[PDB]
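First up is the structure itself, then whatever we jot down about it.
For the single chain, residues carry numbers from 1 onward in sequence order. Counting starts at 1 for both ligands and their atoms, in listed order.
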Amino acid sequence: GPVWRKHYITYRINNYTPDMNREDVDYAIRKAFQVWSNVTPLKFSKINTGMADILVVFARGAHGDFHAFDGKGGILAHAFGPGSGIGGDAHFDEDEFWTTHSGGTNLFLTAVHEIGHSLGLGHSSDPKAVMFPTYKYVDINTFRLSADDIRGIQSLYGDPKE
Ligand SMILES: CC(=O)c1ccc(-c2ccc(CC[C@H](O)CC(=O)O)cc2)cc1
Ligand SMILES: [Ca+2]
Ligand SMILES: [Zn+2]
Ligand SMILES: [Zn+2]
């Protein structure tokens, strides 16, 4: 399938959810990218001007991409695989209640799953995998990618360099 054709990839946060402060949204997103860069040769950097490779957007309902959101619950976010235009972009349903821990939908865990899609990964049947299709909370301090997630992403990008 299509894959990013460079190792240095930029992201930009288009707009912000009012559910968490700016520092907390930035940290969740940064840490989510870090989960994937830790096990591949990919490098991610945040930019604030210019066209980014990956745009992170919060939106609700119909928002211009033929994939309208559905209110609180159900689909929590979605993302586009590598390709032209919006390819790579990650959209989070603003009707969810985003949190730093577990009092609602954890942004970090959700961002890990969606960035997986943005990098080219599909769903897993392994219930311990972050790419499993269904959200579940796990202690952020105890969180680790499953072996399944690791094999999947390394099959697309290889493992870290010496
Ligand atoms: C086990 C673990 O750490 C874990 C992390 C994240 C998830 C996760 C799965 C799905 C979703 C949301 C799926 C979204 O509504 C639509 C999609 O992208 O498929 C968010 C988080 C599941 C397990
Ligand atoms: Ca929803
Ligand atoms: Zn969208
Ligand atoms: Zn998914």
Between the candidates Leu109, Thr134, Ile75, which shows the shortest non-hydrogen contact distance to atom 22 (C) of ligand 1?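 Minimum heavy-atom distance to atom 22 (C) of ligand 1 goes to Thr134.
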I want to confirm something. Looking only at heavy atoms, which of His123, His91, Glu96, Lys128 is nearest to atom 19 (O) of ligand 1? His123
Provide the atom name of the closest N, O or S atom of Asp93 relative to the Ca ion (ligand 2).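 In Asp93, the heteroatom (N, O or S) nearest the Ca ion (ligand 2) is OD2.
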For the Ca ion (ligand 2), what is the closest N, O or S atom on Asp70?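 Restricting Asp70 to its N, O and S atoms, the minimum distance to the Ca ion (ligand 2) goes to OD1.
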Please find out if the Ca ion (ligand 2) and some N, O or S atom of [X] are separated by less than 3.0 Å.
X: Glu96; result: yes
X: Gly71; result: yes
X: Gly73; result: yes
X: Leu76; result: no

So, regarding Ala129 and ligand 1 (criterion: nitrogen or oxygen to nitrogen or oxygen, under 3.5 Å), is there a contact or not?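 So ligand 1 has no N or O lying under 3.5 Å from an N or O of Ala129.
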Have a look at the Zn ion (ligand 3) and estimate, to 10 degrees, the angle subtended by NE2 (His78) and ND1 (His91).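 Reported to 10°, the angle equals 110°.
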At what distance is the nearest protein heavy atom to [atom], and which residue and atom is it?
atom: atom 7 (C) of ligand 1; result: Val130 O, 3.5 Å
atom: atom 21 (C) of ligand 1; result: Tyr135 CD1, 3.7 Å
atom: atom 14 (C) of ligand 1; result: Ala77 O, 3.2 Å
atom: atom 15 (O) of ligand 1; result: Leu76 N, 2.8 Å

What atoms of ligand 1 come within less than 4.0 Å of a heavy atom belonging to [X]?
X: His117; value: 18 (O), 19 (O)
X: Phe132; value: 9 (C), 10 (C)
X: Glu114; value: 13 (C), 14 (C), 16 (C), 17 (C), 18 (O)
X: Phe143; value: 3 (O)
X: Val138; value: 3 (O)

In terms of hydrophobic clustering (I, L, V, M, F, W, Y; side-chain heavy atoms under 4.5 Å; direct or indirect links), are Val112 and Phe132 co-clustered? no
Quick one: does any side-chain atom of [X] pair with a main-chain N or O of [Y] as donor and acceptor, under 3.5 Å?
X: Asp53; Y: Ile9; answer: no
X: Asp149; Y: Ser146; answer: yes
X: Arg12; Y: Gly50; answer: yes
X: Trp98; Y: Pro18; answer: no

If you define the side chain from C-beta out and look only at heavy atoms, does anything of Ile115 sit under 4.5 Å from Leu119?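 With C-beta onward as the side chain, the pair touches.
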Could you tell me which N, O or S atom of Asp65 is nearest to the Zn ion (ligand 3)? OD2
Looking only at heavy atoms, is any part of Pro133 under 4.0 Å from ligand 1, and if so is it the side chain, the backbone, or both, or is it neither?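 It is the backbone that gets close, since no side chain atom is under 4.0 Å.
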Looking only at side chains, do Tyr16 and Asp26 share a donor and an acceptor under 3.5 Å apart?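 On atom types as modelled, these side chains qualify, holding a pair under 3.5 Å.
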For the [atom1] atom of [X] and the [atom2] atom of [Y], what is their distance to the nearest 0.5 Å?
X: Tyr8; Y: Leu42; atom1: OH; atom2: CG; result: 13.0 Å
X: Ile29; Y: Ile13; atom1: CD1; atom2: CD1; result: 5.5 Å
X: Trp36; Y: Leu156; atom1: CH2; atom2: CG; result: 9.5 Å

Are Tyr157 and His7 an aromatic pair by the rule of ring centers under 6.0 Å?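 Not under 6.0 Å, so no.
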Indicate, with yes or no, if the rings of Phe80 and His91 have centres closer together than 6.0 Å. yes
Applying the side chain to side chain contact (heavy atoms under 4.5 Å, CB included) test to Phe92, which of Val25, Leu107, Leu76, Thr17 qualifies? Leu107
